[PDB]
Amino acid sequence: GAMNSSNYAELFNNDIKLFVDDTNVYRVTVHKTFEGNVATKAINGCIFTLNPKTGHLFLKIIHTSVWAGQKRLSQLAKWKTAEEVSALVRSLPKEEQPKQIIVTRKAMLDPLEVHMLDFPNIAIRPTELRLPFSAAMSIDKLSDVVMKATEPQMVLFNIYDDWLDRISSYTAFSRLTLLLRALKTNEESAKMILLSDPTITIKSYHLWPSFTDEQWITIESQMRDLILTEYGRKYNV
Amino acid sequence: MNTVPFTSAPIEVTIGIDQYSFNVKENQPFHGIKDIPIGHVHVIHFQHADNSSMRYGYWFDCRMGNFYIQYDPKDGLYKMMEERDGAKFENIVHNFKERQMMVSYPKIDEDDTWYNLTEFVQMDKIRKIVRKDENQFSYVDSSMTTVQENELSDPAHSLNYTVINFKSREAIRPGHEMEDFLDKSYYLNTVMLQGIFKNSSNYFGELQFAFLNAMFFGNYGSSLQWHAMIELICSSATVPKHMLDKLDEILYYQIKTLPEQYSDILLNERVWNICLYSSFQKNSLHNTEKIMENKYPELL
Ligand SMILES: CS(=O)(=O)Nc1ccc2c(c1)OCCO2
């Protein structure tokens, strides 16, 4: 059934599973027309499909051409997401296919179930966890590849860089969601924390800076403070 | 007119014949039901006074044989049987009518209710849903499960309704996943009508039979089937105009007949609100929407 804090430890077992987040698939800017009506302009989006044990991120870039001449785009976006996840599973060798797919939003359940009817043994599950994957487009290198795309494209990343050499995936996921949640709460501040120090750089083949173990503890504390800070600014506490 | 005689009535029981019912006392001088309209299927049904558990009954068509009821003290129920000796049977019925030991099927002449509830119901199709080929009549009770319920246990005692499943490979064409899930016209028209039922008359017959089993026996799997067959039509954008008009009439008479006090358990709030107020056919069921809004406005 649904994942939540009474059984989140199943994410780090050896059954292959993927999270699917669709919150950045259909993206728009809203603006005024010459006549003073309102219109939308779509911009490129992405499906965020992540293996939480390995860090492998299947970023399917959604080019605005896919919306041309279509109606009810917010509804189409869920079915297009399900179509692309289904196509991804079919492209993987059988021993790499997930045994479970966890959708971050319950409106993806039926679209994905219908597209995966050919895979009755793959469990499609919702989650009570409020995961911050909408903030993926705050990672500069991911945002860059989405906005530069001129056609549909899949790009593979490891969202944990090399962290698993030193920490467990339970810890790597803890750090990842804490970073994404901080980017979601106050993007400017979070990015200043991550990049204020010019001596720590991001390797060409990485997404995040090359922090020592001790530096990560400092960064993690600063992100905890930021999330607490914004909570007080928001609620006047 | 036809007659279903009773050998006797040894246990107190409420007896139904179609939409009518009456109480018989233990060992009362009751010897059956006369004046049954020829031309329609019928259902004769039972609820024991001492154990309302298990409503049960028999679907039959008087044109297919001479049928009677006899209590079986070993299996503890009223059983339908066929008498093949035509002369023995005529003799028995005449003696019981002469002595006036029978209730008369009480059809009002203005009244088309039973026809309207059974218009498309055929005994040959009932017998394929209820498999017991050595008898010309078909036994149904409150507890019998459907073939679909058995997939989610005795196969001999099951209701073999046509399986409808909106998230199934049969319902969804590869490459039209969104289209076929949000508009079920493919599943209704090609898969079900052309493919399985062959025509809308057979589809309506199964729909009507499912409702009647839900109403008369409280059969839960039958109520699920009735609602599935309604939902498949209402969730299709493309339905023949004559089917919509007939569906509206069918449902109208079904809602009209339903006991007011059983509406809570026989009607699925989600399906009806979807069908009358959200679906493609939300504006196509005028008679049904009017009787539902005036009779069961709570559900909506
Ligand atoms: C997604 S969240 O923002 O609620 N943070 C979260 C979730 C699951 C975890 C976790 C952190 O640490 C590792 C164990 O599993």
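Above this text is the structure in question.
S.K.: Explain the overall build of chain B to me, and be specific about the residues and the numbers.
M.R.: Along its length, chain B carries 12 helices and 10 strands. A compact globule built from 300 residues would reach a C-alpha radius of gyration of about 19 Å, and chain B, at 21 Å, matches this within 12%. Summarising its shape, the C-alpha atoms of chain B cover approximately 65 × 40 × 35 Å along the three principal directions.

S.K.: Describe the environment of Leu188(B), with residues and values.
M.R.: All names here are of chain B. Counting through the fold element by element, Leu188 comes out in helix α6 (residues 185–197). As a C-alpha pair, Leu188 and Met229 span 41 residues in sequence and 9.2 Å in three-dimensional space. Apart from the residues lying within four places of it in its own chain, the contact partners of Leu188 are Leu193, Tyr203, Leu232, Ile233, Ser236, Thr238 and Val239.

S.K.: Which residues make up empty space enclosed by the protein, and what are the values?
M.R.: All names here are of chain B. Approximately 60 Å³ is the volume found for the largest cavity. Forming the walls of the largest cavity are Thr146, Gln148, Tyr161, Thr162, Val163, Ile164, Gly221, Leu224 and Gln225. The greatest single-element share of the lining of the largest cavity, amounting to 3 residues, is contributed by helix α8 (residues 220–234). Of the residues contributing to the lining of the largest cavity, the split by class is 4 nonpolar, 5 polar and no charged.

S.K.: Outline the nonpolar core, supporting the account with residue identities and numerical values.
M.R.: Counting 111 residues, the largest nonpolar core has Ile44(B), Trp59(B) and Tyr203(B) as its most contacted members. The biggest single contributor to this core is helix α7 (residues 200–217) of chain B, with 11 residues. Setting aside residues no more than four positions away along its own chain, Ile44(B) makes contact with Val4(B), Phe6(B), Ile15(B), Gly16(B), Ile17(B), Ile33(B), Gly57(B), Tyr58(B), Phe60(B), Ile69(B) and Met80(B). Listed in part, the 46 residues of the second largest apolar core include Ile61(A), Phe157(A), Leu179(A) and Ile219(A).

S.K.: Go over the side chain of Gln208(B) with me, naming the residues and quoting the values.
M.R.: Of note, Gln208(B) is situated in helix α7. Look at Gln208(B) and you get buried, because its relative accessible area is 0%.

S.K.: Tell me about helix α4 (residues 169–185) of chain A, and please be specific about residues and values.
M.R.: The first and last C-alpha atoms of α4(A) sit 24 Å apart over 17 residues, in line with the 24 Å expected at 1.5 Å per residue. Taken as a whole, α4(A) has its buried residues at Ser169(A), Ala172(A), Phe173(A), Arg175(A), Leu176(A), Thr177(A), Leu178(A), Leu179(A), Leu180(A), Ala182(A) and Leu183(A).

S.K.: Lay out the sheet that holds strand β1 (residues 2–5) of chain B in plain terms, naming residues and giving numbers.
M.R.: All names here are of chain B. Overall, mixed pairing links the 3 strands, which are arranged β1-β4-β9 in an open sheet. Either end of the sheet is taken by a strand with one partner, and the two such strands are β1 and β9 (103–104). When β1 meets strand β4 (residues 32–36), the two strands line up antiparallel, connected through 3 bridges. Its bridge partner being in β4, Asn2 is matched across the sheet by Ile36. Those strands touched by helix α1 (residues 86–98) are β1 and β4, and its axis lies near 85 degrees from that of β1.

S.K.: Explain the environment of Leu88(A) to me, and be specific about the residues and the numbers.
M.R.: Residues and elements named next belong to chain A. With respect to the helices, strands and loops of the structure, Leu88 is situated in helix α1 (residues 73–91). In this structure the C-alpha to C-alpha distance between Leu88 and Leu176, which are 88 residues apart in sequence, comes to 24 Å. Setting aside chain neighbours within four positions, we find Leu88 in contact with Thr49, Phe58 and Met154.

Cut-offs used in this document
- Residues numbered from 1 in each chain as written, not as in the entry; some residues may be left out.
- Chains lettered and ligands numbered in written order.
- Heavy atoms only, no water.
- Residues with missing side-chain atoms left out of burial classes, pairs and counts.
- Helix = DSSP H or I, 4+ residues; strand = E, 2+ residues; numbered from the N terminus.
- Rg over C-alpha atoms; globule rule 2.2 N^0.38 Å.
- Contact = heavy atoms within 4.5 Å.
- 1 Å grid on protein atoms, 1.4 Å probe; cavity = no way out; pocket = protein on both sides within 12 Å on 5 of 7 lines; lining within 4 Å.
- Points joined across faces, edges and corners; volume = space filled by probe spheres on them.
- Nonpolar A, V, L, I, M, F, W, Y, C, P; charged D, E, K, R; others polar.
- Core = buried A, V, L, I, M, F, W, Y, C linked by side-chain atoms within 4.5 Å.
- Buried < 20%, exposed > 50% of the residue type's maximum accessible area, 1.4 Å probe, protein only.
- Expected span 1.5 Å × (residues − 1).
- Pairing = 2+ DSSP bridges.
- Axes fitted to C-alpha atoms, helices over the stretch in contact; angles between N-to-C directions.

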